[PDB]
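Report on the following structure.
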Amino acid sequence: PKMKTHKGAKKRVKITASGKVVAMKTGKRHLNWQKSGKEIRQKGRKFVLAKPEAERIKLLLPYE
Amino acid sequence: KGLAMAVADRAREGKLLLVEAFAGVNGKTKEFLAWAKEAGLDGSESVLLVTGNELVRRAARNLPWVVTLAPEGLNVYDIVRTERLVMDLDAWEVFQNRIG
Amino acid sequence: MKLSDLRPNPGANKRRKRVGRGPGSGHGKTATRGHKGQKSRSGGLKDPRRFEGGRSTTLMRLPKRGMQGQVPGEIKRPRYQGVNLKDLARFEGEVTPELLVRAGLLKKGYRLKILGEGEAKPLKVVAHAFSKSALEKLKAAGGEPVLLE
Amino acid sequence: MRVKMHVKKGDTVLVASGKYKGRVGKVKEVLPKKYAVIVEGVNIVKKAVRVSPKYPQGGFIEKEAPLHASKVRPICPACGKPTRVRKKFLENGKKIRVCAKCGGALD
RNA sequence: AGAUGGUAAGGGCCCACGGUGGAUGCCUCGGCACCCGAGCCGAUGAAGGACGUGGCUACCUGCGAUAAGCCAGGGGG
RNA sequence: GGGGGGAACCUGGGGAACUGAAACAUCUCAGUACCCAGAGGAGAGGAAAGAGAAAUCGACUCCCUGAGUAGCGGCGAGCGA
RNA sequence: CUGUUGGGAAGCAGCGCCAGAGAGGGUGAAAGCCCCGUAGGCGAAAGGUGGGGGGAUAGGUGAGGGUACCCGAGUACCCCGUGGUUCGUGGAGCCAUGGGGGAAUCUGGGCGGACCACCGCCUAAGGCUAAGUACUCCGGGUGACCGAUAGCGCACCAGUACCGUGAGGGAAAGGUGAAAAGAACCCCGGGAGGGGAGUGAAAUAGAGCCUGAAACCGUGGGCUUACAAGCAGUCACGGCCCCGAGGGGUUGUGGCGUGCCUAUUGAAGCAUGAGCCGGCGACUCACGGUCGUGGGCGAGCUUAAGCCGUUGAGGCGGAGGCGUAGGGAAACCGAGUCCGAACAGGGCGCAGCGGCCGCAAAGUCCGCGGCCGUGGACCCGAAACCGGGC
RNA sequence: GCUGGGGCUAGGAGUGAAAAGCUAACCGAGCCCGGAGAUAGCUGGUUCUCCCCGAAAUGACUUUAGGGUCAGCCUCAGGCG
RNA sequence: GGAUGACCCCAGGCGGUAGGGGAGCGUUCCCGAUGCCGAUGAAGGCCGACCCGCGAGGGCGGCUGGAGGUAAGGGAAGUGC
RNA sequence: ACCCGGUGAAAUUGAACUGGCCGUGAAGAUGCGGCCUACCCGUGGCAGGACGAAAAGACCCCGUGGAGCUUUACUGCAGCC
Ligand SMILES: [Mg+2]
Ligand SMILES: [Mg+2]
Ligand SMILES: [Mg+2]
Ligand SMILES: [Mg+2]
Ligand SMILES: [Mg+2]
Ligand SMILES: [Mg+2]
Ligand SMILES: [Mg+2]
Ligand SMILES: [Mg+2]
Ligand SMILES: [Mg+2]
Ligand SMILES: [Mg+2]
Ligand SMILES: [Mg+2]
Ligand SMILES: [Mg+2]
Ligand SMILES: [Mg+2]
Ligand SMILES: [Mg+2]
Ligand SMILES: [Mg+2]
Ligand SMILES: [Mg+2]
Ligand SMILES: [Mg+2]
Ligand SMILES: [Mg+2]
Ligand SMILES: [Mg+2]
Ligand SMILES: [Mg+2]
Ligand SMILES: [Mg+2]
Ligand SMILES: [Mg+2]
Ligand SMILES: [Mg+2]
Ligand SMILES: [Mg+2]
Ligand SMILES: [Mg+2]
Ligand SMILES: [Mg+2]
Ligand SMILES: [Mg+2]
Ligand SMILES: [Mg+2]
Ligand SMILES: [Mg+2]
Ligand SMILES: [Mg+2]
Ligand SMILES: [Mg+2]
Ligand SMILES: [Mg+2]
Ligand SMILES: [Mg+2]
Ligand SMILES: [Mg+2]
Ligand SMILES: [Mg+2]
Ligand SMILES: [Mg+2]
Ligand SMILES: [Mg+2]
Ligand SMILES: [Mg+2]
Ligand SMILES: [Mg+2]
Ligand SMILES: [Mg+2]
Ligand SMILES: [Mg+2]
Ligand SMILES: [Mg+2]
Ligand SMILES: [Mg+2]
Ligand SMILES: [Mg+2]
Ligand SMILES: [Mg+2]
Ligand SMILES: [Mg+2]
Ligand SMILES: [Mg+2]
Ligand SMILES: [Mg+2]
Ligand SMILES: [Mg+2]
Ligand SMILES: [Mg+2]
Ligand SMILES: [Mg+2]
Ligand SMILES: [Mg+2]
Ligand SMILES: [Mg+2]
Ligand SMILES: [Mg+2]
Ligand SMILES: [Mg+2]
Ligand SMILES: [Mg+2]
Ligand SMILES: [Mg+2]
Ligand SMILES: [Mg+2]
Ligand SMILES: [Mg+2]
Ligand SMILES: [Mg+2]
Ligand SMILES: [Mg+2]
Ligand SMILES: [Mg+2]
Ligand SMILES: [Mg+2]
Ligand SMILES: [Mg+2]
Ligand SMILES: [Mg+2]
Ligand SMILES: [Mg+2]
Ligand SMILES: [Mg+2]
Ligand SMILES: [Mg+2]
Ligand SMILES: [Mg+2]
Ligand SMILES: [Mg+2]
Ligand SMILES: [Mg+2]
Ligand SMILES: [Mg+2]
Ligand SMILES: [Mg+2]
Ligand SMILES: [Mg+2]
Ligand SMILES: [Mg+2]
Ligand SMILES: [Mg+2]
Ligand SMILES: [Mg+2]
Ligand SMILES: [Mg+2]
Ligand SMILES: [Mg+2]
Ligand SMILES: [Mg+2]
Ligand SMILES: [Mg+2]
Ligand SMILES: [Mg+2]
Ligand SMILES: [Mg+2]
Ligand SMILES: [Mg+2]
Ligand SMILES: [Mg+2]
Ligand SMILES: [Mg+2]
Ligand SMILES: [Mg+2]
Ligand SMILES: [Mg+2]
Ligand SMILES: [Mg+2]
Ligand SMILES: [Mg+2]
Ligand SMILES: [Mg+2]
Ligand SMILES: [Mg+2]
Ligand SMILES: [Mg+2]
Ligand SMILES: [Mg+2]
Ligand SMILES: [Mg+2]
Ligand SMILES: [Mg+2]
Ligand SMILES: [Mg+2]
Ligand SMILES: [Mg+2]
Ligand SMILES: [Mg+2]
Ligand SMILES: [Mg+2]
Ligand SMILES: [Mg+2]
Ligand SMILES: [Mg+2]
Ligand SMILES: [Mg+2]
Ligand SMILES: [Mg+2]
Ligand SMILES: [Mg+2]
Ligand SMILES: [Mg+2]
Ligand SMILES: [Mg+2]
Ligand SMILES: [Mg+2]
Ligand SMILES: [Mg+2]
Ligand SMILES: [Mg+2]
Ligand SMILES: [Mg+2]
Ligand SMILES: [Mg+2]
Ligand SMILES: [Mg+2]
Ligand SMILES: [Mg+2]
Ligand SMILES: [Mg+2]
Ligand SMILES: [Mg+2]
Ligand SMILES: [Mg+2]
Ligand SMILES: [Mg+2]
Ligand SMILES: [Mg+2]
Ligand SMILES: [Mg+2]
Ligand SMILES: [Mg+2]
Ligand SMILES: [Mg+2]
Ligand SMILES: [Mg+2]
Ligand SMILES: [Mg+2]
Ligand SMILES: [Mg+2]
Ligand SMILES: [Mg+2]
Ligand SMILES: [Mg+2]
Ligand SMILES: [Mg+2]
Ligand SMILES: [Mg+2]
Ligand SMILES: [Mg+2]
Ligand SMILES: [Mg+2]
Ligand SMILES: [Mg+2]
Ligand SMILES: [Mg+2]
Ligand SMILES: [Mg+2]
Ligand SMILES: [Mg+2]
Ligand SMILES: [Mg+2]
Ligand SMILES: [Mg+2]
Ligand SMILES: [Mg+2]
Ligand SMILES: [Mg+2]
Ligand SMILES: [Mg+2]
Ligand SMILES: [Mg+2]
Ligand SMILES: [Mg+2]
Ligand SMILES: [Mg+2]
Ligand SMILES: [Mg+2]
Ligand SMILES: [Mg+2]
Ligand SMILES: [Mg+2]
Ligand SMILES: [Mg+2]
Ligand SMILES: [Mg+2]
Ligand SMILES: [Mg+2]
Ligand SMILES: [Mg+2]
Ligand SMILES: [Mg+2]
Ligand SMILES: [Mg+2]
Ligand SMILES: [Mg+2]
Ligand SMILES: [Mg+2]
Ligand SMILES: [Mg+2]
Ligand SMILES: [Mg+2]
Ligand SMILES: [Mg+2]
Ligand SMILES: [Mg+2]
Ligand SMILES: [Mg+2]
Ligand SMILES: [Mg+2]
Ligand SMILES: [Mg+2]
Ligand SMILES: [Mg+2]
Ligand SMILES: [Mg+2]
Ligand SMILES: [Mg+2]
Ligand SMILES: [Mg+2]
Ligand SMILES: [Mg+2]
Ligand SMILES: [Mg+2]
Ligand SMILES: [Mg+2]
Ligand SMILES: [Mg+2]
Ligand SMILES: [Mg+2]
Ligand SMILES: [Mg+2]
Ligand SMILES: [Mg+2]
Ligand SMILES: [Mg+2]
Ligand SMILES: [Mg+2]
Ligand SMILES: [Mg+2]
Ligand SMILES: [Mg+2]
Ligand SMILES: [Mg+2]
Ligand SMILES: [Mg+2]
Ligand SMILES: [Mg+2]
Ligand SMILES: [Mg+2]
Ligand SMILES: [Mg+2]
Ligand SMILES: [Mg+2]
Ligand SMILES: [Mg+2]
Ligand SMILES: [Mg+2]
Ligand SMILES: [Mg+2]
Ligand SMILES: [Mg+2]
Ligand SMILES: [Mg+2]
Ligand SMILES: [Mg+2]
Ligand SMILES: [Mg+2]
Ligand SMILES: [Mg+2]
Ligand SMILES: [Mg+2]
Ligand SMILES: [Mg+2]
Ligand SMILES: [Mg+2]
Ligand SMILES: [Mg+2]
Ligand SMILES: [Mg+2]
Ligand SMILES: [Mg+2]
Ligand SMILES: [Mg+2]
Ligand SMILES: [Mg+2]
Ligand SMILES: [Mg+2]
Ligand SMILES: [Mg+2]
Ligand SMILES: [Mg+2]
Ligand SMILES: [Mg+2]
Ligand SMILES: [Mg+2]
Ligand SMILES: [Mg+2]
Ligand SMILES: [Mg+2]
Ligand SMILES: [Mg+2]
Ligand SMILES: [Mg+2]
Ligand SMILES: [Mg+2]
Ligand SMILES: [Mg+2]
Ligand SMILES: [Mg+2]
Ligand SMILES: [Mg+2]
Ligand SMILES: [Mg+2]
Ligand SMILES: [Mg+2]
Ligand SMILES: [Mg+2]
Ligand SMILES: [Mg+2]
Ligand SMILES: [Mg+2]
Ligand SMILES: [Mg+2]
Ligand SMILES: [Mg+2]
Ligand SMILES: [Mg+2]
Ligand SMILES: [Mg+2]
Ligand SMILES: [Mg+2]
Ligand SMILES: [Mg+2]
Ligand SMILES: [Mg+2]
Ligand SMILES: [Mg+2]
Ligand SMILES: [Mg+2]
Ligand SMILES: [Mg+2]
Ligand SMILES: [Mg+2]
Ligand SMILES: [Mg+2]
Ligand SMILES: [Mg+2]
Ligand SMILES: [Mg+2]
Ligand SMILES: [Mg+2]
Ligand SMILES: [Mg+2]
Ligand SMILES: [Mg+2]
Ligand SMILES: [Mg+2]
Ligand SMILES: [Mg+2]
Ligand SMILES: [Mg+2]
Ligand SMILES: [Mg+2]
Ligand SMILES: [Mg+2]
Ligand SMILES: [Mg+2]
Ligand SMILES: [Mg+2]
Ligand SMILES: [Mg+2]
Ligand SMILES: [Mg+2]
Ligand SMILES: [Mg+2]
Ligand SMILES: [Mg+2]
Ligand SMILES: [Mg+2]
Ligand SMILES: [Mg+2]
Ligand SMILES: [Mg+2]
Ligand SMILES: [Mg+2]
Ligand SMILES: [Mg+2]
Ligand SMILES: [Mg+2]
Ligand SMILES: [Mg+2]
Ligand SMILES: [Mg+2]
Ligand SMILES: [Mg+2]
Ligand SMILES: [Mg+2]
Ligand SMILES: [Zn+2]
């Protein structure tokens, strides 16, 4: 039967035009009071997942 | 493209022959047989005969060296299986519309 | 050209790999599976795209983001597809959404928005939207922007 | 529904194949289950018989061996040639076998 | 003094021919799949059975004390 | 008139567990297996107190597609209009 | 049809013929013309069907105006408990309903995802309804389906023998020959069995029957062996025997030499498995994905279900899918966009060869191959768990 | 007390002067058929030939430790040079 | 070198478990085939000190067998113990 | 039990042309080294060895295996309030 889109990945991640995989930096969900502003700010960006980890996530998204 | 190439291949060999009509063939094998001899088909070479004339297909079908088809049925396995291609103009007409 | 002559081009039809058929093949006994463990077993491993041996997975440690939607689902709103000026080059006279659908440029169910990559051509282009630069290039090349609503 | 038999007891048949190809004879018997006929004096075999009341002195008898019905062809009683059969409908109209070479009935 | 061959109770290898056994090939009354067709039976006692039934009849088939069958129509020769 | 039978198919009334979740309870397996009742050559459904945004369509059934979309989900495994 | 070889002609040879029939099966071997068929035609007194054609019958059919009589009740509706839906308590509507409460008759009511308004949609609480759909006990047709360890459990007297109190389990077992011509009679023997005779093209086709492998048992022959130390061979030489400057068989002496498989750091290993032989026996298929690859077309590529045709003929079908633009949670903007006060900085994006022609290419479709996902997913194996019965 | 015949109670159930005894020759949960090809990160087994290359037994993390994910190390195809 | 995988010449590499890759052999079936081989003997069996091939194998001969078999080139798998 | 006539099993079995010592070897050798010893084949007997046979160790550990049992483990259900 056809493959299913993994909804947890669909909800965390985006495949960019050239097929990199992009996600939010981890670590500002909470426990933030003593984090510097450099930290909070930088954790506010997206990052490009390491190739082996991205290639795996990509196969979970067969129809994006 | 396949259809067209197959007909093209027989054409390039001289083995494709177009005909206006079929003399006296009115549904009898010996009638087609006569006409054939006269048309250069001694039966030493297998023939894919394509025509909408039912009366002509019945006359020829039983001959071991003849495969018959309506023009809507022209297909490459049959062209490639046989040594010579023989067509009605009316047949040749539909084939031209199909490869368009 | 006869039946005995019909061949696939080299490489067009490759042989399959057969395992577990003898030593000379170099794929006998273990059938290229190595020795023992889960992956050698019939049924094999867990989905290697996700599973990581029991530790929290790479994917599941990344944060979710944005609106995921709620029952009763997607909210119906007009959707726009852009098609650039350069794609309009091929037409002469008029362009309308319907035409662009036919040519295979605009997908059905999307409204038309014209965009600015390329040069404008003095055509009457009818559409639901224009970008700033599309409007400019078109007005400048003497073409006629018509807005649908 | 019935085995088809082109030949019957006892019209006259040419034995057209086998060791006895060429012989002519009356069909003594038709055996439809085996699809076979007995033709008079054709396919003779030697059979052993025990010294018995039926056969004191014992020794052997000659028996006619059945032939596959397809080996046999009726001889037309009009023209005298071996023939295939055709059927013809009469005015009754019963149907009959007729020689296929000339037109004659074969009974 | 010295030295070297013919022994085979039996055994071993090879060859020949057999016995056992039933592979292999060929074969097909049978099976399998798909497609088409067709689709209810029963108190007017079904499905499915028991016991019978032949001049001689173990079983199977058929049949039911009218018992490998009774009457009539059609087919066939 | 009913009763009883019929290989699958069908509707209705009931309805598991292994397993999967690399443990497990919600979840899955699955309204499946299976029991029961009933129908029939099919059964069910069917002529809008519908759909759901089109100023629209127009009973029901069944196939393709819409779409693994929308969503649902110890937002896990998965489930899925 | 004839000739010919042959047990047999359908083989080979000579000369013919049919074909809307050269599908296929038989006949003593290999047959268009011998048989059964095949193409093309024909056919029902009786019973069944009859969705097609015809006929009948039931049944159907108006407009203003007024009246406010009727328009499905323990129902709607609300609350509580649940189920159904993609919806697992969620912002949880809708449909259904076990408990409680409980209306109205169009100025009535239900619905459009809490709720409210507005704007629309629809008429609950009675019933029926062909067809298009599912299945295959049954009949037929057809296989890049099996061919007796296969294929149904059963080709055969099988749901049998047999096993089990019972539910229930559940086999093995096909082939003489063209034809029985199935071997009269004699001989040995109680018989079985054999030897002659006879049949047959063939009888090591003789019924314990086609072929008749291998393990296994034997008779006969060649070479060899009773002072010798062995994973059984191998290399060398010599002897003997055989077929005929060579080969084959055998093996006295000399040299060398730790079975196979499995699992292991490491096995000849005193670690697993295997008595031997034959046969059966384990990486596949569908659908999706990802790469590679052979082609087709290329800013485009491609059709699905179906419909027409065919009866091993293909065509139509553009609904839809992938691609042609990205960025952003989104509104939204767009070769950009997001963060930002920023025209700052940054993230993620954007930009063929030759001579208008050809050539290559995005991409996409089909084939092929590797690997992945979902399925039992390479085969075999639990102890267990659950349902219904005995 | 023993015994014949005729009866009743059964599977998380019976029955038990109690041994988890017995319930059709193996009962800490009977047997048959079914879910069913349960699951088995374990053991076993995995079948023609030739040619080229040719590892690992480490690190991180892991209800993980004889199982995995990534990296390391092998190999193929394309590119660079 | 010759132009192209025609073959010759010079040089170098060629131990290998897991494992990657390449090239082939053979089994069943389909197209090729209304053809071709076949009773002057099919398949299958038993021999062979012979021929070709690195090999898997393929030829050829004799005996058995008695009715089937199937090429060059391709296609598909219940394909090798 | 033994001998003669009659009938005639079994587990097990890679194959076997199956000696001793001292060593060696995956650490207890008929099978390797060196030596020693030994003509070929049985019958009745003995049990030291062939890590003899049988039984995929029951102890032990391991498996995110199973089951029976317990409780102020967790969660639920019957029952009762
Ligand atoms: Mg999630
Ligand atoms: Mg965070
Ligand atoms: Mg947190
Ligand atoms: Mg936050
Ligand atoms: Mg927060
Ligand atoms: Mg600090
Ligand atoms: Mg700071
Ligand atoms: Mg900020
Ligand atoms: Mg899509
Ligand atoms: Mg995209
Ligand atoms: Mg023909
Ligand atoms: Mg032909
Ligand atoms: Mg293939
Ligand atoms: Mg091999
Ligand atoms: Mg390989
Ligand atoms: Mg290897
Ligand atoms: Mg092995
Ligand atoms: Mg591998
Ligand atoms: Mg592998
Ligand atoms: Mg392994
Ligand atoms: Mg390993
Ligand atoms: Mg192994
Ligand atoms: Mg392991
Ligand atoms: Mg492994
Ligand atoms: Mg393995
Ligand atoms: Mg395993
Ligand atoms: Mg398994
Ligand atoms: Mg597993
Ligand atoms: Mg979304
Ligand atoms: Mg203008
Ligand atoms: Mg008749
Ligand atoms: Mg004659
Ligand atoms: Mg009559
Ligand atoms: Mg001497
Ligand atoms: Mg001797
Ligand atoms: Mg002697
Ligand atoms: Mg010896
Ligand atoms: Mg023998
Ligand atoms: Mg065959
Ligand atoms: Mg029926
Ligand atoms: Mg009856
Ligand atoms: Mg009877
Ligand atoms: Mg009578
Ligand atoms: Mg009658
Ligand atoms: Mg009558
Ligand atoms: Mg009833
Ligand atoms: Mg009924
Ligand atoms: Mg139900
Ligand atoms: Mg009920
Ligand atoms: Mg229910
Ligand atoms: Mg229950
Ligand atoms: Mg569960
Ligand atoms: Mg399971
Ligand atoms: Mg899973
Ligand atoms: Mg689990
Ligand atoms: Mg698990
Ligand atoms: Mg557990
Ligand atoms: Mg569970
Ligand atoms: Mg499952
Ligand atoms: Mg469920
Ligand atoms: Mg049910
Ligand atoms: Mg079922
Ligand atoms: Mg019923
Ligand atoms: Mg119907
Ligand atoms: Mg109906
Ligand atoms: Mg109905
Ligand atoms: Mg109504
Ligand atoms: Mg879509
Ligand atoms: Mg569900
Ligand atoms: Mg003669
Ligand atoms: Mg003749
Ligand atoms: Mg001739
Ligand atoms: Mg025909
Ligand atoms: Mg034929
Ligand atoms: Mg024939
Ligand atoms: Mg012939
Ligand atoms: Mg033939
Ligand atoms: Mg014939
Ligand atoms: Mg007809
Ligand atoms: Mg007919
Ligand atoms: Mg009125
Ligand atoms: Mg009123
Ligand atoms: Mg109403
Ligand atoms: Mg009422
Ligand atoms: Mg409620
Ligand atoms: Mg629910
Ligand atoms: Mg929620
Ligand atoms: Mg809800
Ligand atoms: Mg209620
Ligand atoms: Mg109202
Ligand atoms: Mg109201
Ligand atoms: Mg309502
Ligand atoms: Mg409501
Ligand atoms: Mg509402
Ligand atoms: Mg609504
Ligand atoms: Mg509505
Ligand atoms: Mg109804
Ligand atoms: Mg109708
Ligand atoms: Mg219907
Ligand atoms: Mg059907
Ligand atoms: Mg059938
Ligand atoms: Mg066959
Ligand atoms: Mg058999
Ligand atoms: Mg069988
Ligand atoms: Mg056999
Ligand atoms: Mg049967
Ligand atoms: Mg069987
Ligand atoms: Mg059998
Ligand atoms: Mg029997
Ligand atoms: Mg019992
Ligand atoms: Mg019994
Ligand atoms: Mg049983
Ligand atoms: Mg058996
Ligand atoms: Mg026979
Ligand atoms: Mg016979
Ligand atoms: Mg014969
Ligand atoms: Mg006597
Ligand atoms: Mg006798
Ligand atoms: Mg004798
Ligand atoms: Mg005798
Ligand atoms: Mg004779
Ligand atoms: Mg002869
Ligand atoms: Mg013989
Ligand atoms: Mg014989
Ligand atoms: Mg025998
Ligand atoms: Mg035979
Ligand atoms: Mg024999
Ligand atoms: Mg024999
Ligand atoms: Mg033998
Ligand atoms: Mg001897
Ligand atoms: Mg001495
Ligand atoms: Mg000596
Ligand atoms: Mg030696
Ligand atoms: Mg020497
Ligand atoms: Mg020699
Ligand atoms: Mg020598
Ligand atoms: Mg050595
Ligand atoms: Mg050794
Ligand atoms: Mg060693
Ligand atoms: Mg070996
Ligand atoms: Mg082993
Ligand atoms: Mg081990
Ligand atoms: Mg070990
Ligand atoms: Mg160890
Ligand atoms: Mg050893
Ligand atoms: Mg040993
Ligand atoms: Mg041991
Ligand atoms: Mg051992
Ligand atoms: Mg072990
Ligand atoms: Mg054994
Ligand atoms: Mg042996
Ligand atoms: Mg074997
Ligand atoms: Mg595979
Ligand atoms: Mg693929
Ligand atoms: Mg591709
Ligand atoms: Mg194309
Ligand atoms: Mg798609
Ligand atoms: Mg920027
Ligand atoms: Mg091109
Ligand atoms: Mg392409
Ligand atoms: Mg992969
Ligand atoms: Mg499965
Ligand atoms: Mg599987
Ligand atoms: Mg797999
Ligand atoms: Mg199992
Ligand atoms: Mg148990
Ligand atoms: Mg349990
Ligand atoms: Mg339980
Ligand atoms: Mg139970
Ligand atoms: Mg029960
Ligand atoms: Mg008493
Ligand atoms: Mg008593
Ligand atoms: Mg009693
Ligand atoms: Mg009693
Ligand atoms: Mg009691
Ligand atoms: Mg009881
Ligand atoms: Mg009971
Ligand atoms: Mg129990
Ligand atoms: Mg109890
Ligand atoms: Mg007591
Ligand atoms: Mg029992
Ligand atoms: Mg018991
Ligand atoms: Mg007991
Ligand atoms: Mg007991
Ligand atoms: Mg238990
Ligand atoms: Mg239990
Ligand atoms: Mg059952
Ligand atoms: Mg299951
Ligand atoms: Mg399974
Ligand atoms: Mg488990
Ligand atoms: Mg286990
Ligand atoms: Mg294998
Ligand atoms: Mg190397
Ligand atoms: Mg390590
Ligand atoms: Mg980690
Ligand atoms: Mg940890
Ligand atoms: Mg943990
Ligand atoms: Mg390991
Ligand atoms: Mg493990
Ligand atoms: Mg790795
Ligand atoms: Mg490297
Ligand atoms: Mg690599
Ligand atoms: Mg390279
Ligand atoms: Mg090498
Ligand atoms: Mg290579
Ligand atoms: Mg390969
Ligand atoms: Mg070849
Ligand atoms: Mg083979
Ligand atoms: Mg091959
Ligand atoms: Mg076939
Ligand atoms: Mg043919
Ligand atoms: Mg043939
Ligand atoms: Mg010939
Ligand atoms: Mg002959
Ligand atoms: Mg011969
Ligand atoms: Mg062959
Ligand atoms: Mg064959
Ligand atoms: Mg050979
Ligand atoms: Mg031969
Ligand atoms: Mg034949
Ligand atoms: Mg062939
Ligand atoms: Mg071929
Ligand atoms: Mg081909
Ligand atoms: Mg197999
Ligand atoms: Mg004595
Ligand atoms: Mg004795
Ligand atoms: Mg030995
Ligand atoms: Mg010795
Ligand atoms: Mg030592
Ligand atoms: Mg040892
Ligand atoms: Mg020692
Ligand atoms: Mg020794
Ligand atoms: Mg040695
Ligand atoms: Mg020693
Ligand atoms: Mg020594
Ligand atoms: Mg000594
Ligand atoms: Mg002794
Ligand atoms: Mg001892
Ligand atoms: Mg003793
Ligand atoms: Mg020992
Ligand atoms: Mg001992
Ligand atoms: Mg022991
Ligand atoms: Mg042992
Ligand atoms: Mg075991
Ligand atoms: Mg063990
Ligand atoms: Mg153990
Ligand atoms: Mg213990
Ligand atoms: Mg331990
Ligand atoms: Mg444990
Ligand atoms: Mg645990
Ligand atoms: Mg573990
Ligand atoms: Mg556990
Ligand atoms: Mg437990
Ligand atoms: Mg109480
Ligand atoms: Zn005549």
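Ordered as shown in the structure tokens, chains take letters A, B, and onward, while each chain numbers its residues from 1 and ligands are numbered from 1 in the order shown.
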Could you list, as a PyMOL selection string, all residues that come within 12 Å of ligand 210? Count only C-alpha atoms (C1' of nucleotides) and all ligand atoms. (chain G and resi 143-147) or (chain I and resi 28-30+76-77)
I need the residues of chain A that end up classed as alpha helix (DSSP H) by DSSP on the backbone, written out as an MDAnalysis selection string. chainID A and resid 7:10 37:42 51:59
Just N, CA, C and O atoms for this one: save the residues we selected as a compact mmCIF listing (two decimals), in the first residue's frame.
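Result file follows (part23.txt):
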# COMPACT_ATOMS: atom_id res chain seq x y z
N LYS A 7 3.53 12.22 10.40
CA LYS A 7 3.02 13.51 10.78
C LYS A 7 3.89 14.24 11.80
O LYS A 7 3.92 15.45 11.82
N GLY A 8 4.63 13.52 12.63
CA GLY A 8 5.52 14.20 13.56
C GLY A 8 6.65 14.95 12.88
O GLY A 8 7.11 15.96 13.37
N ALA A 9 7.13 14.43 11.76
CA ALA A 9 8.16 15.10 10.99
C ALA A 9 7.56 16.21 10.21
O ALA A 9 8.14 17.26 10.15
N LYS A 10 6.39 15.99 9.62
CA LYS A 10 5.69 17.06 8.88
C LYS A 10 5.50 18.26 9.80
O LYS A 10 5.50 19.39 9.36
N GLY A 37 20.97 36.73 26.51
CA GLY A 37 20.20 37.12 25.36
C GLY A 37 20.81 36.59 24.09
O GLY A 37 20.12 36.35 23.12
N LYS A 38 22.11 36.38 24.09
CA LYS A 38 22.73 35.79 22.92
C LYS A 38 22.17 34.38 22.75
O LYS A 38 21.88 33.94 21.63
N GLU A 39 21.99 33.67 23.85
CA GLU A 39 21.48 32.34 23.71
C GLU A 39 20.05 32.24 23.21
O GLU A 39 19.77 31.58 22.21
N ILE A 40 19.14 32.94 23.87
CA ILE A 40 17.75 32.92 23.49
C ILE A 40 17.62 33.34 22.05
O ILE A 40 16.93 32.70 21.28
N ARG A 41 18.31 34.40 21.66
CA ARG A 41 18.21 34.97 20.32
C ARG A 41 18.64 33.94 19.27
O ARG A 41 17.96 33.73 18.27
N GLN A 42 19.80 33.32 19.50
CA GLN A 42 20.36 32.36 18.57
C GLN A 42 19.51 31.09 18.52
O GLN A 42 19.33 30.50 17.46
N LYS A 51 23.54 16.02 7.31
CA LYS A 51 23.14 15.20 6.17
C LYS A 51 22.57 13.82 6.49
O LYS A 51 21.49 13.47 6.00
N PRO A 52 23.27 13.02 7.32
CA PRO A 52 22.69 11.69 7.57
C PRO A 52 21.33 11.79 8.25
O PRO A 52 20.45 11.02 7.93
N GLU A 53 21.16 12.76 9.15
CA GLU A 53 19.89 12.91 9.83
C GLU A 53 18.76 13.50 8.98
O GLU A 53 17.59 13.23 9.18
N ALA A 54 19.15 14.29 8.01
CA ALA A 54 18.25 14.92 7.12
C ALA A 54 17.76 13.94 6.06
O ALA A 54 16.59 13.98 5.62
N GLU A 55 18.67 13.08 5.62
CA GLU A 55 18.34 12.16 4.54
C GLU A 55 17.29 11.20 5.06
O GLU A 55 16.35 10.86 4.35
N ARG A 56 17.45 10.79 6.31
CA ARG A 56 16.46 9.98 6.99
C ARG A 56 15.11 10.67 7.13
O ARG A 56 14.08 10.05 6.95
N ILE A 57 15.11 11.92 7.55
CA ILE A 57 13.84 12.59 7.72
C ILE A 57 13.18 12.76 6.38
O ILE A 57 11.99 12.63 6.27
N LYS A 58 13.96 12.95 5.33
CA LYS A 58 13.37 13.15 4.03
C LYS A 58 12.55 11.96 3.56
O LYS A 58 11.51 12.11 2.90
N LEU A 59 12.98 10.76 3.91
CA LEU A 59 12.28 9.61 3.43
C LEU A 59 10.98 9.43 4.15
O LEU A 59 10.15 8.65 3.75
When you get a sec, could you note down which chain E residues fall within 12 Å of chain D, using only C-alpha atoms (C1' of nucleotides), as a count of residues only? 3
Residue list for chain C near chain I as a PyMOL selection string, 7 Å, only C-alpha atoms (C1' of nucleotides): chain C and resi 3-7+32+34
At most 8 Å to chain A: residues in chain C, only C-alpha atoms, as an NGL selection string: :C and (49-50 or 58-65 or 68)
